[PDB]
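One structure is given here, and the rest of the page talks about it.
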Amino acid sequence: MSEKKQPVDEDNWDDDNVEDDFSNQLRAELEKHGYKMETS
Amino acid sequence: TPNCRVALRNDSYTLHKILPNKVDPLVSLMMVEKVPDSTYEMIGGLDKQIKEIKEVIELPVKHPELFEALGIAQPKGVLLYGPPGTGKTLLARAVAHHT
Amino acid sequence: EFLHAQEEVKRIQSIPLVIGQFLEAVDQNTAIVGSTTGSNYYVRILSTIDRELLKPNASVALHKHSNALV
Amino acid sequence: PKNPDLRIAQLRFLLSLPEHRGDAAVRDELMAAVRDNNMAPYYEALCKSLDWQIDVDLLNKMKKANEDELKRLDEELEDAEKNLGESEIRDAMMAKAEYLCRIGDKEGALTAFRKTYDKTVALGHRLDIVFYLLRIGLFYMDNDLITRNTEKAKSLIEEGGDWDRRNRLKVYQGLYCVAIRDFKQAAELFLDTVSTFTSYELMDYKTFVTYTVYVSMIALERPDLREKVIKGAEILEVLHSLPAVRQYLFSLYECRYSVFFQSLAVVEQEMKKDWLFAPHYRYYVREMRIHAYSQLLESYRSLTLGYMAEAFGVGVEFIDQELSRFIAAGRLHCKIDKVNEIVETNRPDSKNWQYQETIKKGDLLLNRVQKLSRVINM
Amino acid sequence: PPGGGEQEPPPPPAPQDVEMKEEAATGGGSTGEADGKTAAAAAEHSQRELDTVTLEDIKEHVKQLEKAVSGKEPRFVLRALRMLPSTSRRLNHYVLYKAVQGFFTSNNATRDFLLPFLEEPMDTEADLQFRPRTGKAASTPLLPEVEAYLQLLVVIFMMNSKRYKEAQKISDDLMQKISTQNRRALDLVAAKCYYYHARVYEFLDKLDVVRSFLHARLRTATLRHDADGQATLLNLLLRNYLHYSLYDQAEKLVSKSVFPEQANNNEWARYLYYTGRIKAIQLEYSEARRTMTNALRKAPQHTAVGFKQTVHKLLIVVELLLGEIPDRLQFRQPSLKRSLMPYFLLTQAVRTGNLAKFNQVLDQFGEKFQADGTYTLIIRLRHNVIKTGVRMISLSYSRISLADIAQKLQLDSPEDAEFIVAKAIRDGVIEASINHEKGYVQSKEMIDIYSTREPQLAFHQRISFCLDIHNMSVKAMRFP
Amino acid sequence: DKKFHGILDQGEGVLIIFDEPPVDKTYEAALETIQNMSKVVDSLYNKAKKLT
Amino acid sequence: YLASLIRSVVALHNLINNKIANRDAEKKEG
Ligand SMILES: Nc1ncnc2c1ncn2[C@@H]1O[C@H](COP(=O)(O)OP(=O)(O)O)[C@@H](O)[C@H]1O
């Protein structure tokens, strides 16, 4: 058994969707709000 | 077994088949009276009387040899007394339940 | 053909019908009833009755002569 | 004992995952690690620690004291069987295996708890043993062993009332349903906050108040927040000592939208450093943003997008890119316009969105049973 | 001699313990029950031969001092194996060579002594008509020569051993192949030696005159037997025709050999994958993903499965080409996690609308994709990035300027920002119009999609499908 | 607070009032069966997948 | 669509009810 003729050689899913949205977008979005008050 | 039901044909009254297990009359007796089945876990604050009642009843069943080493007759009768409503029935029901 | 024989079996459910009471069953498709003549009986059943309408303490019909479950 | 045992699991989280913050956490845990006879649960924590080169006599003075308690059990087991009580070998170490549960690993616990489970004829010791198995199964996150004994717990409470074993139990699923991302259960298991006692795991009752309010603002809408957690005297006076969380809850209720994001930045920062919310802190606010957006947006129809800068949150382009990704996410029912600078809403019926979740589950169960019937029967 | 004489003397007999029970039970069975009475459609000797390939894959590693396998060959090759009264002495000869390893020293086969280990089918009335013996008596030495492959002046010893098996293979193709399963049980011995016939040749030799011999092997296949001869001779036909530019793909479309109808659950499983990549490589997208999925859920329960590390990568290459994406790390492993992180970072760029985010991947991992041999499908995702984005923007913004969408897609030009939207409508992504005089692209709001016929088409696919599995539960039940 | 339902306008104050009990009974009381039946197929693993 | 979905699961539970009576008698009876 287990031959496989070789030609070549929750906890996990919801956050992966949440990793997809803010992948490179405002990770520690905490301190821009302190700087957005005097600008906007 | 003695005191067991059976089936029975009627033309010749030949024995047919064992009909199971009806009741012991002792089982029906306590079923009529319905004592409040208890345990040590519902005993409120009687720790020294539990130690007294085990010496006379609990020990001469599990260890009958332990009195032959002392060579005395094993006890037979226990008197429980006090004002009513203090747990005479539940303590006696507890000891018979746990051995 | 099975549906024709399915309905044929209820000719035993005719009119001179007596009344017992369910007590228990030994096994599949055979039970123990108690008639209203005082004597209990070990009877065969009829197959088409839904078995899951039995024993709180069920009123049952019994055959007149053969005195089986009906 | 297992009663101070959950703070250890929080401080292990406090040790490893804040990477710069790993100096005082490795000291105050070692303040409790190499005392109270703990041997097993910190070898790889010592591997995540520094060298600590001489721990050998530090272990030898403790594994001896482990053996000392273990050998007086070995001196108990023959004096209890000679003149028997209710199997007083087992009955002694049915309280001393929880020591061995803390000291050793689960194996000394599990073979002794299932030993003493069959001893006691009343559940009043059995159901307290089951609370021990639940608590270690949280430490080692035994997500498949908690499913067994929780039913075996709940099957015991029906005989008797056992409300100090039911209301105690509801906190455990309430911490388990918030361990998993299941918030409509966690607020429902935290529904009482009345019989919830000054426990061991949330030793402040007010920390339990913070956990039951952070999940309650997600799970239910506002016919129920405006009756339950604004009018409960059991819940008002305990955050009456809290300036932030009183302001954090009421800013959504009072429609003080600008200061809502201010304290939300504090909580989401706090939710990151907190244990057991850090698996899902990025899931929290993106649900709380879209909860905050749609509440304002479903009152009006012809709202301009530049009205939300000075009254809801500053940065017009910040509003722009954030609403752009949520309508594209398939939620937040409105339709933003761009070059006349207005946000128009719609109202879709409760059929298509109710239809959309049905076609998800219908594919998923058909994925389950088609894959099953290939595996079985060759 | 003490470090030898306690660690070297147990490697001879304990393999001799298990080799008197596995291929001696195969030699005790498959000479008398494959050349003998029968080994039917429900046979055991094929699965017994499946048990004597896998065990010896990871059994032998060492160059065999103390003759622990180097003495097995002068044992196992002096075999007539004709009938029981002449093998009752050979049942002693399984033990007579054991003291040859022990009392004396045998001939230690270390890379030179395989030439007097192959010329034996003349010695003491051996035959080749009993090819249920001799095809196995080829493969019982033909495997462990080539199992390690050892690639140092050995290849000719592997070759001449195959040549004697190729002489058995021509007697298979011509002489009395009927109802003894002389083709059937040796189509496996054909198929299993082909992978040792290939990794010799895929290492240092050519590839293509074997293909015409394989056409001559495919010639007699389905021409005497239509069971496991149509199957393994076509994956082993395809295995370098995909990697070559020879015609070989529209041939396999109109070929009748597509269905052997049964191929023993593991060669059938990858069979739908080698032709699953053929539709992938020649632009047949939507047909491919169902024979890619069907090639996944028919594989067994091993862990070191590096071809399965490729099919899970390739199955959602073509689904990025179609738009749908599942969670790929839903069965992530310690050996899958490292084989996903460059490729999982690719589909991160696809679910976004950024344009040169594709370029930030294709320079970072442009070399990794050419190692897996998949780059030619990767290069065309920019058509699917821009159709994902134009669906994303048109559904979000209703009335957006065409001189704003290009700056968000970093297109660097508004003058063709009209033009992708033209091909977005020509393909049919978005419906609504463009005010080319003004510059805004307005979109109509969606209407009652509930009272359209199309959710019944989500049903009618699945009404008829769910009645099939209820029928298949009936058809597969009453075997008793 | 959903004690009344409608919409408010900002330009001139127009309250478009509408009402429909949409449907609730047909779908979500049929949706929860699916997740009940999912747990039945999960419980099939404890008498088939372990067993044969 | 719900009622047909139920029909597939019920006969699948019947399928194991024949795989309980196939494998657990060939070693017992023969
Ligand atoms: N010490 C006690 N602990 C717990 N329950 C008690 C105790 N004493 C009496 N009860 C209650 O009294 C009832 C039993 O009556 P009991 O006191 O045994 O009658 P008696 O007067 O014969 O002792 C039980 O229902 C029990 O709940």
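Letters A, B, ... go to the chains of the structure tokens in the order shown; residues in each chain start at 1; ligands are counted from 1 in the same order.
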Can you work out which residues are within 10 Å of ligand 1, considering only C-alpha atoms and all ligand atoms, and then hand them over as a PDB file with N, CA and C atoms, in the first residue's frame?
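As a result, selection-v2.pdb now contains:
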```
ATOM      1  N   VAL B  35     -38.122   6.061  50.354  1.00  0.00           N
ATOM      2  CA  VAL B  35     -37.181   6.776  51.221  1.00  0.00           C
ATOM      3  C   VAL B  35     -36.385   7.776  50.392  1.00  0.00           C
ATOM      4  N   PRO B  36     -36.054   8.930  50.938  1.00  0.00           N
ATOM      5  CA  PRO B  36     -35.299   9.931  50.180  1.00  0.00           C
ATOM      6  C   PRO B  36     -33.837   9.559  50.041  1.00  0.00           C
ATOM      7  N   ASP B  37     -33.501   8.837  48.966  1.00  0.00           N
ATOM      8  CA  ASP B  37     -32.140   8.411  48.639  1.00  0.00           C
ATOM      9  C   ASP B  37     -31.144   9.560  48.732  1.00  0.00           C
ATOM     10  N   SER B  38     -30.133   9.380  49.574  1.00  0.00           N
ATOM     11  CA  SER B  38     -29.191  10.424  49.950  1.00  0.00           C
ATOM     12  C   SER B  38     -27.756   9.933  49.790  1.00  0.00           C
ATOM     13  N   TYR B  40     -23.314  11.162  51.105  1.00  0.00           N
ATOM     14  CA  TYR B  40     -22.513  12.003  51.983  1.00  0.00           C
ATOM     15  C   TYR B  40     -22.406  13.435  51.489  1.00  0.00           C
ATOM     16  N   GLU B  41     -22.559  13.663  50.192  1.00  0.00           N
ATOM     17  CA  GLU B  41     -22.381  14.971  49.590  1.00  0.00           C
ATOM     18  C   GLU B  41     -23.479  15.958  49.946  1.00  0.00           C
ATOM     19  N   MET B  42     -24.586  15.498  50.521  1.00  0.00           N
ATOM     20  CA  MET B  42     -25.638  16.390  50.977  1.00  0.00           C
ATOM     21  C   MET B  42     -25.764  16.406  52.492  1.00  0.00           C
ATOM     22  N   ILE B  43     -24.707  16.044  53.201  1.00  0.00           N
ATOM     23  CA  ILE B  43     -24.699  16.088  54.656  1.00  0.00           C
ATOM     24  C   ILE B  43     -24.186  17.448  55.088  1.00  0.00           C
ATOM     25  N   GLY B  44     -25.000  18.184  55.828  1.00  0.00           N
ATOM     26  CA  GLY B  44     -24.558  19.477  56.295  1.00  0.00           C
ATOM     27  C   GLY B  44     -24.055  19.485  57.721  1.00  0.00           C
ATOM     28  N   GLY B  45     -22.735  19.446  57.893  1.00  0.00           N
ATOM     29  CA  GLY B  45     -22.106  19.661  59.184  1.00  0.00           C
ATOM     30  C   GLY B  45     -22.363  18.616  60.248  1.00  0.00           C
ATOM     31  N   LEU B  46     -22.022  17.367  59.967  1.00  0.00           N
ATOM     32  CA  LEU B  46     -22.150  16.270  60.919  1.00  0.00           C
ATOM     33  C   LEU B  46     -20.925  15.380  60.860  1.00  0.00           C
ATOM     34  N   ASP B  47     -19.738  15.995  60.837  1.00  0.00           N
ATOM     35  CA  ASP B  47     -18.514  15.259  60.533  1.00  0.00           C
ATOM     36  C   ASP B  47     -18.147  14.249  61.608  1.00  0.00           C
ATOM     37  N   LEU B  80     -29.839   5.961  67.223  1.00  0.00           N
ATOM     38  CA  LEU B  80     -29.663   7.349  66.827  1.00  0.00           C
ATOM     39  C   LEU B  80     -30.704   8.205  67.524  1.00  0.00           C
ATOM     40  N   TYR B  81     -30.278   9.320  68.110  1.00  0.00           N
ATOM     41  CA  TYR B  81     -31.241  10.126  68.841  1.00  0.00           C
ATOM     42  C   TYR B  81     -30.886  11.599  68.783  1.00  0.00           C
ATOM     43  N   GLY B  82     -31.899  12.419  69.039  1.00  0.00           N
ATOM     44  CA  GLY B  82     -31.822  13.852  68.891  1.00  0.00           C
ATOM     45  C   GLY B  82     -33.197  14.405  68.572  1.00  0.00           C
ATOM     46  N   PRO B  83     -33.339  15.726  68.529  1.00  0.00           N
ATOM     47  CA  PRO B  83     -34.624  16.332  68.153  1.00  0.00           C
ATOM     48  C   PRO B  83     -34.959  16.050  66.701  1.00  0.00           C
ATOM     49  N   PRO B  84     -36.239  16.086  66.322  1.00  0.00           N
ATOM     50  CA  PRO B  84     -36.603  15.715  64.949  1.00  0.00           C
ATOM     51  C   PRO B  84     -36.201  16.780  63.946  1.00  0.00           C
ATOM     52  N   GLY B  85     -35.954  16.342  62.719  1.00  0.00           N
ATOM     53  CA  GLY B  85     -35.540  17.244  61.672  1.00  0.00           C
ATOM     54  C   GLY B  85     -34.069  17.567  61.665  1.00  0.00           C
ATOM     55  N   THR B  86     -33.227  16.701  62.225  1.00  0.00           N
ATOM     56  CA  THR B  86     -31.798  16.960  62.305  1.00  0.00           C
ATOM     57  C   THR B  86     -30.983  15.955  61.513  1.00  0.00           C
ATOM     58  N   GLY B  87     -31.635  15.084  60.754  1.00  0.00           N
ATOM     59  CA  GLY B  87     -30.906  14.239  59.835  1.00  0.00           C
ATOM     60  C   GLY B  87     -30.689  12.804  60.257  1.00  0.00           C
ATOM     61  N   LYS B  88     -31.661  12.220  60.946  1.00  0.00           N
ATOM     62  CA  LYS B  88     -31.533  10.824  61.326  1.00  0.00           C
ATOM     63  C   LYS B  88     -31.735   9.900  60.142  1.00  0.00           C
ATOM     64  N   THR B  89     -32.717  10.194  59.298  1.00  0.00           N
ATOM     65  CA  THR B  89     -33.062   9.293  58.210  1.00  0.00           C
ATOM     66  C   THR B  89     -32.031   9.350  57.093  1.00  0.00           C
ATOM     67  N   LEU B  90     -31.600  10.558  56.728  1.00  0.00           N
ATOM     68  CA  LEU B  90     -30.646  10.712  55.637  1.00  0.00           C
ATOM     69  C   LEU B  90     -29.273  10.168  55.991  1.00  0.00           C
ATOM     70  N   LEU B  91     -28.893  10.208  57.265  1.00  0.00           N
ATOM     71  CA  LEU B  91     -27.597   9.659  57.629  1.00  0.00           C
ATOM     72  C   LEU B  91     -27.626   8.142  57.578  1.00  0.00           C
ATOM     73  N   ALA B  92     -28.725   7.541  58.025  1.00  0.00           N
ATOM     74  CA  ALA B  92     -28.877   6.102  57.891  1.00  0.00           C
ATOM     75  C   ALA B  92     -29.033   5.690  56.438  1.00  0.00           C
ATOM     76  N   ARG B  93     -29.660   6.532  55.620  1.00  0.00           N
ATOM     77  CA  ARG B  93     -29.772   6.212  54.205  1.00  0.00           C
ATOM     78  C   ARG B  93     -28.431   6.367  53.505  1.00  0.00           C
TER      79      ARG B  93
END
```
Per residue of chain E within 8 Å of chain D, which atom pair is closest and at what distance in Å (one decimal), using only C-alpha atoms, listed by chain and increasing number, as a tab-separated table?
```
residue	atom	partner	partner_atom	distance
E:297	CA	D:371	CA	7.5
E:298	CA	D:374	CA	7.9
E:392	CA	D:328	CA	6.0
E:393	CA	D:328	CA	7.7
E:395	CA	D:328	CA	6.5
E:396	CA	D:328	CA	5.5
E:397	CA	D:336	CA	5.6
E:398	CA	D:337	CA	5.3
E:399	CA	D:337	CA	5.3
E:400	CA	D:338	CA	5.4
E:401	CA	D:339	CA	6.9
E:440	CA	D:339	CA	7.5
E:449	CA	D:352	CA	7.6
E:450	CA	D:352	CA	6.1
E:469	CA	D:370	CA	7.8
```
Checklist entry - Near chain A, which residues of chain E fall within 10 Å when you count only C-alpha atoms, and what do they look like as a PyMOL selection string? => result chain E and resi 47-55+57+192+195+199+239+266-267+270+299-310+327+329-330+332+347-349+351-352
Next on the checklist: If we count only C-alpha atoms and set the cut-off at 12 Å, which residues sit around residue 245 of chain E, ignoring sequence neighbours fewer than 4 positions away in its own chain? Please answer as JSON, numbers by chain.
Outcome noted: {"E": [238, 240, 241, 249, 250, 278, 281, 282]}
Next on the checklist: Run DSSP on the backbone and tell me which residues of chain C come out as alpha helix (DSSP H); list them as a list in words.
Outcome noted: residues 2, 3, 4, 5, 6, 7 and 8 of chain C
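Using only C-alpha atoms, the protein and nucleic acid residues lying no more than 9 Å from residue 1 of chain F, apart from those fewer than 6 places from it along its own chain, are residues 221, 222, 223 and 226 of chain D.
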Write to file, as an mmCIF file, in the first residue's frame, the residues of the selection just made, with N, CA and C atoms.
```cif
data_model
loop_
_atom_site.group_PDB
_atom_site.id
_atom_site.type_symbol
_atom_site.label_atom_id
_atom_site.label_comp_id
_atom_site.auth_asym_id
_atom_site.auth_seq_id
_atom_site.Cartn_x
_atom_site.Cartn_y
_atom_site.Cartn_z
ATOM 1 N N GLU D 221 -28.572 44.440 17.774
ATOM 2 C CA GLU D 221 -28.879 45.680 17.085
ATOM 3 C C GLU D 221 -29.297 46.710 18.141
ATOM 4 N N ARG D 222 -29.887 47.823 17.730
ATOM 5 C CA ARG D 222 -30.350 48.790 18.712
ATOM 6 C C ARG D 222 -31.879 48.844 18.768
ATOM 7 N N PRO D 223 -32.606 47.707 18.947
ATOM 8 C CA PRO D 223 -33.746 47.758 19.868
ATOM 9 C C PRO D 223 -33.396 47.139 21.204
ATOM 10 N N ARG D 226 -30.628 49.428 23.507
ATOM 11 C CA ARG D 226 -31.369 50.524 24.110
ATOM 12 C C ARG D 226 -32.345 50.055 25.176
#
```
Closest atom pairs, chain F residues within 7 Å of chain D, only C-alpha atoms, as JSON lines:
```
{"residue": "F:1", "atom": "CA", "partner": "D:223", "partner_atom": "CA", "distance": 5.7}
{"residue": "F:2", "atom": "CA", "partner": "D:223", "partner_atom": "CA", "distance": 6.9}
{"residue": "F:7", "atom": "CA", "partner": "D:300", "partner_atom": "CA", "distance": 5.9}
{"residue": "F:8", "atom": "CA", "partner": "D:300", "partner_atom": "CA", "distance": 5.0}
{"residue": "F:9", "atom": "CA", "partner": "D:300", "partner_atom": "CA", "distance": 5.8}
{"residue": "F:10", "atom": "CA", "partner": "D:302", "partner_atom": "CA", "distance": 6.3}
{"residue": "F:22", "atom": "CA", "partner": "D:350", "partner_atom": "CA", "distance": 6.7}
{"residue": "F:31", "atom": "CA", "partner": "D:358", "partner_atom": "CA", "distance": 6.6}
{"residue": "F:38", "atom": "CA", "partner": "D:365", "partner_atom": "CA", "distance": 6.3}
```
Next on the checklist: Need the shell around residue 54 of chain C: protein/DNA/RNA residues with any atom at most 10 Å away, counting only C-alpha atoms. Skip same-chain ones fewer than 5 positions apart. Format as a list in words?
Outcome noted: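 After dropping sequence-adjacent residues, the list is residues 22, 23, 24, 49, 59 and 60 of chain C.
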Requested write-out: C-alpha atoms of the selected residues, as a compact mmCIF listing (two decimals), in the first residue's frame:
```
# COMPACT_ATOMS: atom_id res chain seq x y z
CA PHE C 22 -50.92 -3.19 26.63
CA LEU C 23 -48.44 -4.32 29.28
CA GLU C 24 -45.05 -5.12 27.64
CA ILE C 49 -49.87 -1.22 13.55
CA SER C 59 -55.95 0.54 25.11
CA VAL C 60 -55.84 -2.25 22.54
```
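Residue neighbourhood of residue 25 of chain E, excluding near-sequence residues (fewer than 6 positions): residues 19, 31, 45 and 48 of chain E, at 10 Å, using only C-alpha atoms.
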Checklist entry - How many Å separate atom CA of residue 218 of chain E from atom CA of residue 230 of chain E? => result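 Answer for the atom CA of residue 218 of chain E to atom CA of residue 230 of chain E separation: 7.6 Å.
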